[PDB]
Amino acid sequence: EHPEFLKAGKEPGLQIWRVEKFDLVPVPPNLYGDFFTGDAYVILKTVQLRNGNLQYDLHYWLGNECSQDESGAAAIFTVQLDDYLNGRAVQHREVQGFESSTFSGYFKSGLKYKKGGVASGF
């Protein structure tokens, strides 16, 4: 089992991974909200229900300059992570500049963007 999956959704909070050469790599917390427009990301938002169970919302974010392998992997990782969470997550596709209000609300100071990113796996 992939080590990052084991860390996913253990407690309420925000978890973000970046797709890096066909793999899921956790983004360092101090960089949360600062997205490379040349990359794709996977975001898990965990919320405690009023009854003990956990709520799961999966957001995969696609930069305008990310390559096909990255956007493809981000979507696949999303399904696989949802499978790991027993299909209990709601999946959301997020496009640069067109992010949902919910996804935007995750970041108190708002979404930031920056050019570049990790090279394509192809």
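Position 1 is the first residue in the sequence shown; the rest follow in order.
- Residue-level annotation: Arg50 lacks coordinates in a third or more of the other entries compared, counting only those that model residues on either side of it.
- Checked against the record, the higher mean CA B factor of 95-103 and 19-27 lies with 19-27.
- When the two stretches 48-56 and 85-93 are set side by side, the higher mean Cα temperature factor goes to 48-56.
- Among the modelled residues of the chain, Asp34 sits in the highest third by CA temperature factor in this PDB entry.
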